[PDB]
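Participant: Sequence first, structure after, both from an experimental entry:
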Amino acid sequence: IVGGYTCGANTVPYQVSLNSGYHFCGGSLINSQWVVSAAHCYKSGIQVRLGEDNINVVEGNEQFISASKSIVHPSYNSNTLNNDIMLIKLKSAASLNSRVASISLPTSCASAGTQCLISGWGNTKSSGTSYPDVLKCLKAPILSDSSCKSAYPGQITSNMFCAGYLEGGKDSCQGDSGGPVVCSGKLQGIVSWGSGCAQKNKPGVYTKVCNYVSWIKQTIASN
Ligand SMILES: O[C@@H]1[C@@H](O)[C@@H](O)OC[C@H]1O
Ligand SMILES: O[C@@H]1[C@@H](O)[C@H](O)OC[C@H]1O
Ligand SMILES: [Ca+2]
């Protein structure tokens, strides 16, 4: 997160860290045994880390649970990042409380102008590199589809939306990938891609979760 603020320990209780020896992506807890992330975060040997603030210090509210199964969307295209979403089943159910909790799936798509909360452990600079150890937060509006398509001609599909600031300075970034975009208490987006971080007229692009609710519910009911 570039241009954000320090969330505060366990104030974003659905935020997960995906770990393969080191943090490499975020994700979102959607019930006690399933996590949603970006398909471009896929790899084998994932441990899901719940209840994290400082990802380098054991502070006492962590649950570390191995993944048992990963399901990349059947139509994921790694060249265009269309359908950039995947599901991860935990080997055991997480213990849910006020500091570890699930986030609700949406019943409708959010409109341009809605304010959302984006969070993660990714890079905090737009020219340079500095990875924080504690979770960072950003409040950002969903942008109109015409501004989104004009920022990224020929690249935005119906499964994507833009959120952020056209003036730059505030954005998600590398290492935030897979993490949540939450708007009015519902998971509306997944940190997916962008050109650089926090560049003028290059807002962040997010997977539009509302298009995937039927696939998620069906997949979970059968696996
Ligand atoms: O983001 C672009 C993607 O949509 C595709 O076209 O490959 C080239 C990239 O620049
Ligand atoms: O859901 C809320 C979101 O819409 C807002 O942007 O940040 C605070 C959250 O509670
Ligand atoms: Ca920790």
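Facilitator: On my side now, so go ahead. Residues are numbered from 1 along each chain as shown. Ligands and ions are numbered 1, 2, ... in the order given.

Participant: ok, residue 146 to residue 205 distance?
Facilitator: Separation of residue 146 from residue 205 (CB to CB, to the nearest Å): 15 Å. Bear in mind the C-beta positions are built from the backbone N, C-alpha and C, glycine included.

Participant: swap that for residue 138, please
Facilitator: Distance of residue 138 to residue 205, computed by CB to CB: 15 Å.

Participant: before we move on, what about residue 47?
Facilitator: In terms of CB to CB, residue 47 sits 27 Å off from residue 205.

Participant: cool, and residue 128?
Facilitator: 22 Å.

Participant: Contacts only, for the residue most central in space within the chain.
Facilitator: Nearest to the mean C-alpha position of the chain, counting by CA atoms, centre = their mean, stands residue 179 at 1.6 Å. Counting by CB atoms under 8 Å, 6 or more residues apart in numbering, residue 179 makes contact with 15, 25-28, 37, 118-120, 122, 172, 190-191.

Participant: Now for residue 165, how many residues are close by?
Facilitator: Number of residues near residue 165 (other CB atoms under 10 Å) recorded here: 18.

Participant: Residue 171 is in contact with that one, correct?
Facilitator: Yes - assessed by CB atoms under 8 Å, residue 165 is found in contact with residue 171 at 7.5 Å.

Participant: who touches both of those two?
Facilitator: residue 203.

Participant: Just give the nearest non-adjacent residue to the residue in the chain that ligand 1 sits nearest to, would you?
Facilitator: Ligand 1 sits closest to residue 155 of the chain, with a gap of 3.7 Å, by CB to the nearest ligand atom. What sits nearest to residue 155 in space, not counting adjacent residues and going by CB to CB, 6 or more residues apart in numbering, is residue 80, at 7.2 Å.

Participant: What count of nearby residues applies to the one you found?
Facilitator: Residue 80 has 15 neighbours, counted by other CB under 10 Å.

Participant: Contacts only, for residue 34.
Facilitator: Neighbouring residues of residue 34 by CB under 8 Å, 6+ apart: 87-90, 220.

Participant: Of those residues - the most surrounded one?
Facilitator: Neighbour tally across those (other CB under 10 Å): the maximum, 24 neighbours, falls on residue 88.

Participant: Pop the domain breakdown of the chain in here.
Facilitator: 1-12+103-210, 13-102+211-222 (curated CATH domains).

Participant: Point out the most buried one among these.
Facilitator: Of all the domains of the chain, domain 1-12+103-210 has the most neighbours on average by mean count of other CB atoms under 10 Å, namely a mean of 19.

Participant: quick one: is that domain near ligand 2?
Facilitator: Yes - using CB under 6 Å from any ligand atom, domain 1-12+103-210 reaches ligand 2 at 115-117, 139, 182-185.
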